[PDB]
C-alpha cells in the first residue's frame, strides 16, 4: 500500500493473506473472506498454471503479518477459465477452505455488491494489504496491515489515461469492461497487495467493488491501479459460493 496508514484493528475483518511454502510460509498476495469457507482473490496469484495445493496456505486477518499465524490449508482452487494474463481480464479466483472459519466481529465476510452498482467516481473506497509501501520498498517489520483511500476513475477516462504517453492506438482498448480503476500518484496498492480487496462504502455498508489486479507501477502518474470488477463475475462466483 502506497501513501496509506496502518489499519485500526477493528477495520477490514475480511482481509486475508495468501502464503506460499518457501523456507517459511511467505506472504505473496492478499484475498478477502466472502463466505465462511471461501476466499476471493486474483487468478494471477494462483495461476494460470495449476499449482500443488500443498504449497499454499491462507491466513485470516492479523494486525501484524506473521506474528499470530494460524495457517489454513485450501481444499480447492477455482480459477476463471478465461484467465491467462492480467491485461486480458478475468483475473479472479476462488479458494475453498478445508473448513468453514469462525465468524466474529474481528473476522468475518465482506458483502459482494449488487449487479447494478457501478461504483462511479466520487465513491469513497479503500484498498488494503501488506504489500510494498512504494516501488521496491517493502513494508517494514512488524508488518502492519495498511489501508489507503483511493479515488475511482471512470473506465473510459482511465482507458484514455493509459494511452497517454503510449504508442498503442486509441481504438485499442487497454482497460476492459470487467475492470475498474482506482488510485492516483500518491495513493495506490503495490507489490504484495495483489488479490486483496478494494471496498467502497455505499449507504453505510461496505461492498467489495474490486480485486487488486494490475498496474504499470505503484502510484504512477496517469496509470491508476486496475482491479477486477467484482460485479462482472457475480454469476461465476455464485456458481461455487453459497
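Positions refer to the first chain, counted from 1.
Q) Of the two stretches 97-105 and 160-168, which shows the higher Cα B-factor on average in the entry? A) Averaged over C-alpha atoms, the B-factors run higher in 97-105.
Averaging CA B factors per stretch from the PDB record, which one is higher: 55-63 or 38-46? According to the entry, 55-63 carries the higher average C-alpha B-factor.
Practice prompt. Just grab whichever of 183, 195, 217, 210 has the top CA B-factor as deposited.
Written response: Highest C-alpha B-factor among the listed options: 217.
What third of the chain, by the recorded C-alpha B-factor, contains residue 189?
Middle third, going by the recorded CA B-factors of the chain.
Ranking every modelled residue in this chain by its Cα temperature factor as given in the entry, which third contains residue 128?
Lowest third.
query = Within this chain, which third does the Cα B-factor at residue 150 fall in: lowest, middle or highest?
reply = CA B-factor rank for residue 150: lowest third.
Per the entry's values, where does residue 136 land by CA temperature factor relative to the rest of its chain, in the lowest, middle or highest third?
Answer is highest: the recorded C-alpha B-factor places it there.
- Task: Sorting the chain's modelled residues by C-alpha B-factor, tell me whether residue 221 ends up in the lowest, middle or highest third.
- Result: Top third by C-alpha B-factor.
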